[PDB]
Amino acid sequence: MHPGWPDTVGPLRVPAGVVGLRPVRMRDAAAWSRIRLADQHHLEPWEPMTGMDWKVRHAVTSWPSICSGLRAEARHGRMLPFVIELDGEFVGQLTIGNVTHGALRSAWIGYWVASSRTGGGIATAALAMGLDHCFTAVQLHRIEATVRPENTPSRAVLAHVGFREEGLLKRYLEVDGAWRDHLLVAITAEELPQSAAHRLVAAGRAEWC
């Protein structure tokens, strides 16, 4: 029904500190709202449009409905909504979405990290451990991601873990006021002779924790 959920993932050490993943909770309202509100300019140009005012969407009071929705999708096996912890503290999210099994066994992956904590390897470690979790506990074959060509930091994160570019989705998603092209990148389980975490440690981007 929902292999690999709920669960915790990690940990791995990056220059910024110790990174792990764990399920979204109701108590995350305060940190999620504080960070998302403060980081509007860092986040809005890269995330799908909600048709809502950014400050009403990210009020502390909005989280219960959002968290309940995320956990309901997770109980259905369609999503794995993780929080990224840095030294045990909420600093971002890693979401595995549109999960399918059967003959497809694929999903998309997405993430964000608080701007004040960027450039310290957090998203790269979160992606690697999330990918490893998908290819083991979630029993998936393939993980994809959609990323605007202009999103140089995110393309670097995806490149660190070994994603391949597979195509260009024209006018794919409403982002920052218009339909925007997104690159489609992907990786399959049989492309990792070692885990993605092992690859990061070998490349000097993480340490075993």
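Start at 1 with the first residue shown and count on from there.
Stretches 113-121 and 126-134 differ in mean CA B factor, with 113-121 having the higher one. Annotation for 46-54 versus 166-174: the higher mean temperature factor (C-alpha) is found in 46-54. Highest CA B-factor among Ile35, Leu140, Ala159, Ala145, as stated in the entry: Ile35. Of the candidates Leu12, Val9, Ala186, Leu192, the deposited coordinates give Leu192 the top C-alpha B factor. Split the chain's modelled residues into thirds by C-alpha temperature factor. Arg155 is in the lowest one. In this PDB entry, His182 carries a Cα temperature factor that places it within the lowest third of its chain's modelled residues.
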